[PDB]
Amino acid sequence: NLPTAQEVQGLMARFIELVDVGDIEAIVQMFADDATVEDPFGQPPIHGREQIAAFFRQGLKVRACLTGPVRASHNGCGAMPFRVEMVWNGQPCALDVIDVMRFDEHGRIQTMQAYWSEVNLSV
C-alpha cells in the first residue's frame, strides 16, 4: 500500500543498497512499469522500465552511500542525500546528489527526481 513514513525510509535506503552493489534487475523492479525518471532534474524525463533499465545499465566500479537520513512524509514521498563515487576516464570523481521519490499504492517508485549539476561534482 501507500508506504508509511517508516516504509519510505526503508525503501529508499534499499534503493542506494542496490545502486551500490550494481544489481540492475533488482533496481529496475523497484520502479512502477510506467515510472518516469528525471536525472539530473532539468533534463527531459525517461519513462517506463525499458528506458530506465537502459539508463541504469549505462551508468552503473561505482559505489553509493546515504550521507544523511532519509526524510519521509506521510503522503508516499521521501527525499534523501547521498554521494556517488565513480572514476571518470581513469580519473576518479564524486557527485553529491539528492533524490526525491514518490511511491505508488504498491510501494513502487512512481516518479524520481535527482538534484545535482556540475557544482556538486568533484573530479
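Throughout, we count residues from 1 along the sequence that is shown.
- Missing deposited residues between residue 60 and residue 61: 1 to 3, all without coordinates in the entry.
- 26-34 and 92-100 differ in mean CA B-factor, and the higher of the two is recorded for 92-100.
- For the pair 8-16 and 103-111, the mean Cα B-factor is higher in 103-111.
- Annotation for 77, 87, 65, 80: 87 ranks highest, by Cα B-factor.
- When the modelled residues of the chain are ordered by C-alpha B-factor, residue 46 sits in the highest third.
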